[PDB]
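**Q** Please see the structure below; I have some questions.
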Amino acid sequence: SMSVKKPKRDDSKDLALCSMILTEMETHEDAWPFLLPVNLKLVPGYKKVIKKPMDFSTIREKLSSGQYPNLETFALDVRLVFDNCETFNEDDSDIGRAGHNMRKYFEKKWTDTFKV
Ligand SMILES: CC(=O)c1cc(-c2ncccn2)c2cc(N)ccn12
């Protein structure tokens with residue numbers, strides 16, 4: 001509360017660390033569905049159905065331009081990619097499988113980096 005703070009966490013490295021994590025997402029073999037925005041002209045339903053489209057390139061641009069105020073806003077965008085993927089794709093599809101794999105991949109790195 002006013003003049004009562006919990007101990008100051010060192011957040012000075014968060015930007016570098018999220019960048020690193022994103023770089024590792026971008027270079028994963030199953031990242032291909034997520035690298036660029038879904039083309040809303042070419043994928044019927046997507047615009048109407050997916051209210052907040054998100055992809056790795058868009059995240060990279062937001063990250064590099066100071067548009068994440070903190071590491072949690074960054075994790076929210078990453079997860080949004082996978083939540084969108086689940087909304088639009090069958091679990092039993094390459095893309096549905098890619099999304100599950102990448103979420104798992106993300107969450108481990110997230111935990112190892114910031115929890116542990
Ligand atoms: C992420 C996603 O839903 C996605 C990703 C792709 C995609 N397809 C080919 C190459 C890259 N991404 C795609 C294609 C569709 N027809 C429908 C949905 N997607």
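Letters A, B, ... mark the chains of the structure tokens in the order given; residue numbers begin at 1 per chain; ligand numbers begin at 1, in order shown.
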Taking only C-alpha atoms and all ligand atoms into account, report as JSON, numbers by chain which residues have an atom no farther than 12 Å from an atom of ligand 1.
**A** {"A": [30, 31, 32, 33, 34, 35, 36, 37, 38, 39, 40, 41, 42, 43, 44, 45, 46, 47, 49, 50, 53, 54, 55, 56, 80, 81, 82, 83, 84, 85, 86, 87, 88, 89, 90, 91, 93, 94, 95, 96, 97, 98, 99, 100, 102]}
**Q** Record the distance separating atom CA of residue A:75 and atom CA of residue A:110, expressed in Å with one decimal.
**A**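 Computing the Euclidean distance for atom CA of residue A:75 and atom CA of residue A:110 yields 8.2 Å.
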**Q** I'd like the neighbourhood of residue A:60 as a list in words, where a residue qualifies if any of its atoms comes within 10 Å (using only C-alpha atoms), though same-chain residues fewer than 3 positions away should be ignored.
**A** residues 18, 19, 22, 23, 26, 35, 55, 56, 57, 63, 64, 65, 67 and 74 of chain A
**Q** As a ChimeraX atom specification, which residues of stretch 3-112 of chain A does DSSP assign to helix (DSSP H, G or I)?
**A** /A:14-27,29-31,46-49,56-64,71-88,94-112
**Q** I'd like the interatomic distance between atom CA of residue A:70 and atom CA of residue A:111, to a tenth of an Å.
**A**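 Going from atom CA of residue A:70 over to atom CA of residue A:111 covers 15.9 Å.
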**Q** Have a look at A:109, A:77, A:104, A:71 and name the one nearest to residue A:14; count only C-alpha atoms.
**A**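 Ranking A:109, A:77, A:104, A:71 by distance to residue A:14, first place goes to A:71.
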**Q** Which of these, A:112, A:72, A:29, A:107, has the shortest distance to residue A:11 once you count only C-alpha atoms?
**A**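 Comparing A:112, A:72, A:29, A:107 against residue A:11, the winner is A:72.
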